[PDB]
Every structure is written in C-alpha cells, then in structure tokens.
Amino acid sequence: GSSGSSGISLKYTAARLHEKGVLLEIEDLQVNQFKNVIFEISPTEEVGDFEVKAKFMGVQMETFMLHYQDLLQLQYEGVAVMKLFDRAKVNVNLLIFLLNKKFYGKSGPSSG
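Judging from the entry metadata, solution NMR is the method by which this structure was determined.

Listed below in structure tokens is the structure:
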C-alpha cells in the first residue's frame, strides 16, 4: 500500500493514438511520420488537470495543461476536433474516453 513506485508520465506514440482513433491528424507531418512522434502525458496530484507534452526538442521551461471542464465544454458546443499547438488534432470524443480509463482511476475513499 505504501512501498509502490507510482507516478511517471505516460509515453505513447502518435501512431498509437491515431490507430485507436483518438489522434485525428497533424498539420505538419504525415501518417507514416507518426512513427517519429511521441507524446508525453504527465499526470497530476489532483483530479481534473493533466500535463500534455510532445517530445520533440525538449522544453523544460513549461508544459501544456489540459483541464477536464474544457474537454466537456467542446462536447456541449459541438467542437469534436481539438486544435493542439495549432497543428496536431485530437478527437475530444475519444480523448476523454481514453483518459477516463487511463488517468481516471484513483485508489482512495469515495464516500459519495
């Protein structure tokens, strides 16, 4: 319960997210190029906020954040496609689905 290596940022390739359906396309590279693209999603201590980083150059100055409410706001409006970094595109309908099982999974008391 205590002695357990927890944390670490999830590492997935662009092709992986594309194959599943999450990642739509990228306004810069091609489908076959996805193989040379990896996304590093760092988790958070709280529930709702997430760290979305794209391994390419190595920006250790800041990281793109992604709230949970924002993802839902798009579902209510209609925006199915999400413009990331004004280039990469991900499906909001599937993006939330994956995280719902990936990160979404605490191990504490609920009481409600």
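Quick notes on the sheet that holds strand β3 (residues 38–42)
Taken together, the four strands give an open sheet; going across it, the order is β1-β3-β4-β5, and neighbouring strands pair in antiparallel fashion. Among the strands making up the open sheet, the edge pair consists of β1 (10–13) and β5 (64–66). On average, adjacent strands in this sheet sit at an angle of 30 degrees to one another, irrespective of strand direction. With four bridges joining them, β1 and β3 adopt antiparallel strand pairing. Across the sheet, residue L10 finds its bridge partner in β3, namely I41.

Focus: the pairing of strand β4 (residues 50–55)
Regular strands place their side chains on alternate faces of the sheet. In this sheet, β4 lies alongside β3 in antiparallel orientation, the contact comprising five bridges. Looking across to β4, one finds that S42 is bridged to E51. The pairing of β4 with β5 spans three bridges and is classified as antiparallel. Residue pairing in the sheet places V52 in a bridge with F64 of β5.

Focus on the sheet that holds strand β6 (residues 81–84)
On the basis of which strands lie adjacent, the open sheet formed by three strands has the order β2-β7-β6 and antiparallel pairing. Edge positions in the sheet fall to β2 (23–26) and β6, since each has one partner strand and no second. Strand-to-strand twist of the sheet, defined as the mean angle between neighbouring strand axes without regard to direction, takes the value 20 degrees. Inspection of the sheet shows β6 paired to strand β7 (residues 88–91) by four bridges, in the antiparallel sense. Residue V81 lies in a different strand from β7, and its bridge partner there is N91. Sheet contacts for helix α3 (residues 92–101): β6 and β7; angle to β7, the most-contacted strand, approximately 70 degrees.

Conventions we followed
- Residues numbered from 1 in each chain as written, not as in the entry; some residues may be left out.
- Heavy atoms only, no water.
- Pairing = 2+ DSSP bridges.
- Helix = DSSP H or I, 4+ residues; strand = E, 2+ residues; numbered from the N terminus.
- Axes fitted to C-alpha atoms, helices over the stretch in contact; angles between N-to-C directions.
- Contact = heavy atoms within 4.5 Å.

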